[PDB]
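Student: Need a 3D model of the following:
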Amino acid sequence: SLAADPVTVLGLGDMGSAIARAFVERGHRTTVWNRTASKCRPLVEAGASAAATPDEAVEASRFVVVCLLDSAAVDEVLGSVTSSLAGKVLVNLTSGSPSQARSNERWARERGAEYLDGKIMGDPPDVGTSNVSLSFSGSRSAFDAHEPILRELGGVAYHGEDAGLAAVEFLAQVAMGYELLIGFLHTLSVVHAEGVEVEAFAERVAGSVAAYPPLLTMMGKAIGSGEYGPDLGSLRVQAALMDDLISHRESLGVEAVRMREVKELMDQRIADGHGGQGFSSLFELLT
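Tutor: Numbering: from 1, shown residues only. Let me share the structure:
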């Protein structure tokens, strides 16, 4: 007679085990399943119950959380289900594409189940703390009714009705990080060719990057409204600076793919009569 809802967790990898542990510690009657059945033993010792098949696992609860390796693993496990999922809520926290999340929603709807797609930012040891954040998309009614359960895993945010929006958010944020990181490596190449110690320079880059979040928010506001101004100076001033940037790094034998790309966009926007605007206005040339 516990006030916590029963929960089923499919998948006991590092993340899935941490999610199952969080539910067990919160008093939920937790039923777990894993392709390798032996991985259930530590969860059972913590207070969970094990299931031999995914069918037995989903039959134990209305709330089913899927945390497997990838989308192919989700298709195989859910495809082995022969029991009714009508009236259940399926929360998929497995990595995957926006198209796959949208397909999963249709698969659940055909079976009478509600569907939420979630994406996790953080490490399994931090599940249930403020160092893990989760993005969700799908039916708003399903999110609102189960948000207190989801926030037991960490910080939670809802992105919209489109079931693929959480996957869009995840892939876009990760891509942005790799844009930053590869530009970081190429910048280290420039200073290394000049005899600068890269380790100390990297720490100085870290301090410079910390001042950019306020600039990114402002650029998003200018793009969303269409009011473009000289953010980092006029485009005429920035374009002349870009040529100096390209000449210096190329004189050292270092690549300049993004620097030359930015210069071409700046020159086009200036030629279009918008030389007094700023960097954010280059978005009009991309989309």
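Student: From here on, just use CA atoms for contacts and neighbour counts.
Tutor: Will do.
Student: In this structure residue 119 contacts residue 93, no?
Tutor: Yes - counting by C-alpha atoms under 8 Å, residue 119 sits close enough to residue 93 to count as a contact (5.5 Å).
Student: Pull out the buried positions in the helix ranked longest in the chain.
Tutor: Ranked by residue count under DSSP state H, the longest helix found in the chain is helix 165-193. For helix 165-193, the neighbour count (16 or more other C-alpha atoms under 10 Å) marks 165, 166, 167, 168, 169, 170, 171, 187, 188, 189, 190, 191 as buried.
Student: From residue 205, how far out is the last one?
Tutor: Spelled out, it's residue 191. 11 Å (C-alpha to C-alpha, to the nearest Å).
Student: Which of the three states applies to residue 96?
Tutor: Per DSSP: H, G, I helix; E, B strand; the rest coil, the secondary structure class of residue 96 is coil.
Student: can you tell me which residues contact residue 55?
Tutor: Applying C-alpha atoms under 8 Å, 6 or more residues apart in numbering, we find residue 55 in contact with 80, 81, 82, 83.
Student: Mind giving me the PyMOL select for these, buried ones only?
Tutor: To isolate the buried ones among the contacts of residue 55 in PyMOL, judged by 16+ other C-alpha under 10 Å, type:
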select buried, resi 81
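Student: Out of the contacts of residue 55, which is nearest to residue 265?
Tutor: residue 80 (51.7 Å; C-alpha to C-alpha).
Student: which residues sit in contact with the closest residue to that closest one other than its chain neighbours?
Tutor: Counting by C-alpha to C-alpha, 6 or more residues apart in numbering, residue 80 lies nearest to residue 54, which is 7.1 Å off, once chain neighbours are set aside. Residues in contact with residue 54, defined by C-alpha under 8 Å, 6+ apart, are 10, 33, 77, 78, 80, 81.
Student: how close does the residue most central in space within the chain sit to residue 195?
Tutor: Centroid-nearest residue in the chain, with C-alpha atoms, centre = their mean: residue 170, separated by 2.1 Å. Counting by C-alpha to C-alpha, the gap from residue 170 to residue 195 is 38 Å.
Student: count of neighbours near residue 221?
Tutor: Other residues within reach of residue 221, judged by other C-alpha atoms under 10 Å, total 14.
Student: Please identify the helix or strand for it.
Tutor: Assigned by DSSP states H and E, residue 221 belongs to helix 213-225.
Student: need the helices for the stretch 1-150 of the chain, in chain order.
Tutor: Taking DSSP state H, counting those that start in this stretch, the helices of the stretch 1-150 of the chain run over residues 14-25, 41-46, 54-58, 71-79, 98-110, 140-150.
Student: Can you report how many residues lie near the nearest residue to residue 99 once chain neighbours are set aside?
Tutor: Setting aside the residues directly before and after it, residue 99 is nearest to residue 164 in space (C-alpha to C-alpha, 6+ apart), at 6.4 Å. When neighbours are counted by other C-alpha under 10 Å, residue 164 registers 26.
Student: what about residue 164, distance to residue 224?
Tutor: Applying C-alpha to C-alpha, one obtains 22 Å for the distance of residue 164 from residue 224.
Student: and the closest residue to residue 129 other than its chain neighbours, what does it touch?
Tutor: Distances taken as C-alpha to C-alpha, 6+ apart put residue 154 closest to residue 129, at 5.3 Å, once the chain neighbours are dropped. Remark: with contacts taken as C-alpha under 8 Å, 6+ apart, residue 154 is in contact with 127, 128, 129, 130, 131, 132, 133, 134.
Student: Now do the same contact list for residue 265.
Tutor: If a contact means C-alpha under 8 Å, 6+ apart, then residue 265 has 282, 285 as its contacts.
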